[PDB]
Amino acid sequence: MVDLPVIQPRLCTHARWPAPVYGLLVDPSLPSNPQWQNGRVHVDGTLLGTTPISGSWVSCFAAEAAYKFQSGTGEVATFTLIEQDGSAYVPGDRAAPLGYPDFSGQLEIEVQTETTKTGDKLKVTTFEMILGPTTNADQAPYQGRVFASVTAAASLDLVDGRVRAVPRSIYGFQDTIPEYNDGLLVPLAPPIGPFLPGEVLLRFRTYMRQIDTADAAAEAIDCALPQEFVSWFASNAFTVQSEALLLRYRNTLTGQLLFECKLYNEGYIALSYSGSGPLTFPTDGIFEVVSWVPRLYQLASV
Amino acid sequence: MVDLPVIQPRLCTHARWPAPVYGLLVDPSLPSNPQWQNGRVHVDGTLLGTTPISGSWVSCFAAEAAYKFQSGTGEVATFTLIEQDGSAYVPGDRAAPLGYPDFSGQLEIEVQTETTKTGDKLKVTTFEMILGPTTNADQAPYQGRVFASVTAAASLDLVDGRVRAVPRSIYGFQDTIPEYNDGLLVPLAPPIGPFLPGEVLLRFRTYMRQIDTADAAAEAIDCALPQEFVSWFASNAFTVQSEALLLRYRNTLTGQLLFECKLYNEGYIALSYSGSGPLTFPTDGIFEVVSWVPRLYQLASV
Amino acid sequence: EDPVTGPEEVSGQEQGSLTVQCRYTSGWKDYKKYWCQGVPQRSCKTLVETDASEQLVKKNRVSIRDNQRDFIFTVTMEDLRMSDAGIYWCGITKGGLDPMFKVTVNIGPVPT
Amino acid sequence: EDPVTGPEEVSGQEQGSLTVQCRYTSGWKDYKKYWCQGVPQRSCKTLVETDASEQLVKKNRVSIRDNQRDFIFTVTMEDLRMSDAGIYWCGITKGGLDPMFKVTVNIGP
Ligand SMILES: C[C@H](CCC(=O)NCC(=O)O)[C@H]1CC[C@H]2[C@@H]3[C@H](O)C[C@@H]4C[C@H](O)CC[C@]4(C)[C@H]3CC[C@]12C
Ligand SMILES: C[C@H](CCC(=O)NCC(=O)O)[C@H]1CC[C@H]2[C@@H]3[C@H](O)C[C@@H]4C[C@H](O)CC[C@]4(C)[C@H]3CC[C@]12C
Ligand SMILES: [Mg+2]
Ligand SMILES: [Mg+2]
Ligand SMILES: [Mg+2]
Ligand SMILES: [Mg+2]
Ligand SMILES: [Mg+2]
Ligand SMILES: [Mg+2]
């Protein structure tokens, strides 16, 4: 028994930003070997990087929040990070708590805040948090500490306590790992790869809620596998027999074959594509496992 | 034969509010037979109510948004609803588009908005939207039409277009179905049940981001199955051989049995519990399938 | 200008009465008016509603009458109780989001 | 009260220069000061930074000098190009969130 969940891409959950999958494509123009830390799983069930089981952990974090007002900046939150199930975060062999963002830019986050001001007790406060690539904020989620702030003329009278932070929007998105440890290197899942000559990465794409003062173009973010596949492998714990799995992407109502591809053991899909521009595929198909294959198995082009 | 994902509840996704599963309990004081529309699936893979596959669809919707300013109300959004994958929504055999909230209260939603105003273009706006139980807003998601608003002194100069609305907070939550069709009846998945005498519903609990002016108590919302079980069944499409599945909930690090329960074909779990007060359980166990049983198999009390 | 306005806060006393005047712009003359209770705003419990005429309506201890000449509908609450305190709304019925105005109602005891 | 304040907007014309005075409170005397460029705010491009002394620093077309008796550090930008218009920041280097003040730079031809 080695199979995939019978779920169309358009109905799947994205693995690096909590939103549906909207696109399926290959693009030789983009980095062929991204070092994404979320949405990384071995076919045998081993989660890699900061990949979580649940899509609700993706691009989120939990923490003990301590708030302090700073003239000239506003209300400042010092988040002491926890794993999103409440278990203690211990700096170890990964970049950050499971699900922490693995991209850069300025992130609007939202947390439950209790206030002491009269007439309101519970509200949701939007903070700004700089992720990367480089920052003067000295973010160190690897060490379990990050800083956010919200513009405030005076104290918001917030009560310190535990929080779960979820992303509201991205500002100046860059698909490059954030500042995990004040600019120092941390344990990272390796760059996705390798690929045979003529093979390129299959990309599951969604789009992120964006702040952009000039450009209305949507912000894309790709992942190697949808979150359904991540938990599917984590739960099944398959025995791996070869370097990759031969898959066929089909429309089951027609049976028409859209393309064949190789799902490497290490959790990415490669298509043989010699074109130069992006090639988008329909998202209403199903991935079908055919057999185990060796690394040098040559795919048919598309 | 039916099997289940080897995932601990504390690592699963809640199926009615997009957030982690934090609690696992029974509570006789709560309604024994709720009419939840999400988190409803048949063991043979049949989705019930408005249940979607992806957890990112839970308590969200997609729409063609049209904005008109109303003096005394602010910016008013008329959402012509779409299925969250872009497929045209057609009134049919369920209460609303897939994933639409199945509870009541006043919901803050976030959508991508585009403005024509100088100095900015894309931003994320929070709207207030009344769900139910009854409203004067004439909400009719069954017909693909709902209304929301954000208080404002003048037009925000928003550009009509497509949106994905995600939930920010709940105000005045009530675990009763919302206004699906301006007070009229709509097709609904039946209440959860029935149960044997002495059997009660197993609840997977998360807590919702809340606006509350007086009370700091968290707002619990329960569901019958984690989203991982929903997708697991929809994908596998098992063959059902009796009325229910006998399950054991163990700590697999110890083999300690925490309780036995019955997963009925119609998508809900029952425990034998005679107490009157609530009883919570560890969230780090695993559900294991034992065998098919009749609807009359009497469980060991807890 | 706003379509319907009234007093932000009123205070009545036990066994007493209150009168609330909801002023509205002429465009809403031929719409139904009503008086609502509770929060959230748009799931509030309607206590009395007109039929878009000027006929007076009374239900329990609440009455409403629309003066479509001066564009004011008047609400009266009689035999006030402590339990009557809370948030209320002047309302104009229409398709979709109704024009509404928040009216906080305080009730206290007659001092001794 | 605010740890650092400067001009909200400043202007110069192409090929000219401009000066920016970043006033700060006395406690930040012995901290590095810097002049940053671009948004997002806290990932901006540092153009020049001091060594916490009064020594003037010059890098490309930008210089910074900290006057620690009056508690002002002065920034100059020379040979102004239209490409220099945008968002800049008076900065003070410290652990965590740096004290920063937004300065908008405009360029006329
Ligand atoms: C106050 C919030 C509930 C409201 C909220 O902030 N978010 C709910 C949502 O995602 O919509 C509570 C409810 C349960 C809490 C979490 C759980 O207790 C588990 C865990 C416990 C740790 O002590 C702190 C983090 C962490 C993960 C908690 C964070 C805060 C939570 C989430
Ligand atoms: C502008 C937004 C992107 C930002 C956003 O609003 N949400 C992304 C997030 O969850 O962070 C675009 C990107 C893709 C768009 C969706 C897709 O095109 C699919 C679908 C297509 C329908 O024509 C309109 C609704 C619907 C569902 C679209 C809604 C708006 C989307 C989501
Ligand atoms: Mg640093
Ligand atoms: Mg942009
Ligand atoms: Mg109605
Ligand atoms: Mg509450
Ligand atoms: Mg209405
Ligand atoms: Mg710093």
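A, B, ... follow the sequence lines: proteins, then strands. Residue 1 opens every chain. Computed from heavy atoms alone, side chains included, the values below leave out hydrogens, waters and symmetry copies. Ligands are counted one by one from 1 in listed order, and the atoms in each one are counted from 1 as well.
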**Which segment of A:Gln210 sits under 4.0 Å of ligand 2 when only heavy atoms are counted** = neither
**Asked** Any idea which atoms of ligand 2 are less than 4.0 Å away from a heavy-atom of B:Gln84?
**Response** 27 (C)
**Message:** Quick check: do A:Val21 and A:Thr206 have side-chain heavy atoms less than 4.5 Å from each other?
**Reply:** no
**Prompt:** Quick one: does B:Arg164 get an N or O within less than 3.5 Å of an N or O on ligand 2?
**Reply:** yes
**Complete:** re atom 7 (N) of ligand 2, the protein heavy-atom contact at minimum distance is A:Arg209 CG, 3.6 Å
**Message:** For B:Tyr22 and B:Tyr207, take the angle between the two ring planes, folded into 0 to 90°, and tell me which bin it lands in: parallel under 30, tilted 30 to 60, perpendicular over 60.
**Reply:** parallel
**Message:** Under 4.0 Å and counting heavy atoms only, is there anything from the protein next to atom 31 (C) of ligand 2?
**Reply:** no
**Message:** Give the atom numbers and elements of ligand 2 that come within less than 4.0 Å of a heavy atom of A:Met208.
**Reply:** 4 (C), 11 (O)
**Request:** Give the residue, atom name and distance (to 0.1 Å) of the protein heavy atom nearest atom 28 (C) of ligand 2.
**Result:** B:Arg162 CB, 4.3 Å
**Asked** Does ligand 2 have a heavy atom under 4.0 Å from the side chain of A:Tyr207, from its backbone, from both, or from neither?
**Response** both
**Request:** Can you pull out the closest protein heavy atom to atom 6 (O) of ligand 2? Residue, atom name and distance to 0.1 Å, please.
**Result:** B:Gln112 CB, 3.3 Å
**Prompt:** Rounded to 10°, how many degrees is the angle OE1/B:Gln210-the Mg ion (ligand 6)-OD2/B:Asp212?
**Reply:** 90°
**Prompt:** Starting from atom 11 (O) of ligand 2, which protein heavy atom do you reach first, and at what distance in Å?
**Reply:** A:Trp17 NE1, 2.6 Å
**Request:** Give the C-alpha distance, both sets of side-chain angles, the deciding distance and a yes or no for side-chain contact (heavy atoms from CB on, under 4.5 Å) between A:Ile109 and A:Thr126.
**Result:** CA-CA 6 Å; A:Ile109 57 171; A:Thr126 299; over 6 Å; no
**Item:** B:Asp85 N/O to ligand 2 N/O under 3.5 Å
**Value:** no
**Request:** Quick one: report the N, O or S atom of B:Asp138 that is nearest to the Mg ion (ligand 5).
**Result:** OD1
**Distance flag, aromatic centroids of B:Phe79 and B:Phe147, threshold under 6.0 Å** = no
**Numbered atoms of ligand 2 (with element) below 4.0 Å of B:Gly86, judged on heavy atoms** = 20 (C), 21 (C), 22 (C)
**Item:** Side-chain H-bond candidate by donor/acceptor type, B:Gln112 with B:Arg164, under 3.5 Å
**Value:** no
**Prompt:** Rounded to the nearest 0.5 Å, how far does CD of B:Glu128 lie from OH of B:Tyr171?
**Reply:** 9.5 Å
**Fill in**
Taking only non-hydrogen atoms of A:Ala19 and a 4.0 Å limit, the atoms of ligand 2 in range are 9 (C), 10 (O)
**Row check, C:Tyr31 ring normal vs C:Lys94 NZ/CZ: under 6.0 Å, within 45°** = no
**Message:** Any N/O/S atom from B:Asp215 (main chain or side chain) under 2.8 Å of the Mg ion (ligand 6)?
**Reply:** no
**Request:** Decide whether B:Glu108 and B:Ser169 meet the rule of one side-chain donor and one side-chain acceptor closer than 3.5 Å.
**Result:** yes
**Request:** Check whether any N, O or S atom of B:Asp182 sits under 2.8 Å from the Mg ion (ligand 5).
**Result:** yes
**Prompt:** Hey, is atom 2 (C) of ligand 2 touched by any protein heavy atom at less than 4.0 Å?
**Reply:** no
**Contact check, side chains of A:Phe61 and A:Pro141, non-hydrogen atoms, under 4.5 Å** = no
**Prompt:** Stepwise, does the salt bridge (charged side-chain N to carboxylate O under 4.0 Å, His left out) test hold for B:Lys123 with B:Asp120?
**Reply:** CA-CA 8 Å; B:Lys123 51 195 174 197; B:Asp120 66 327; 2.6 Å; yes
**Message:** For ligand 2, which is the ligand I care about here, please tell me if A:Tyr22 has any N or O atom under 3.5 Å from one of the ligand's N or O atoms.
**Reply:** no
**Prompt:** Is the B:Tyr180-B:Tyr142 ring centre distance short of 6.0 angstrom?
**Reply:** no
**Prompt:** Once you find the SG atom in C:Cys90 and the one in C:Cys36, is the distance between them below 2.5 Å?
**Reply:** no
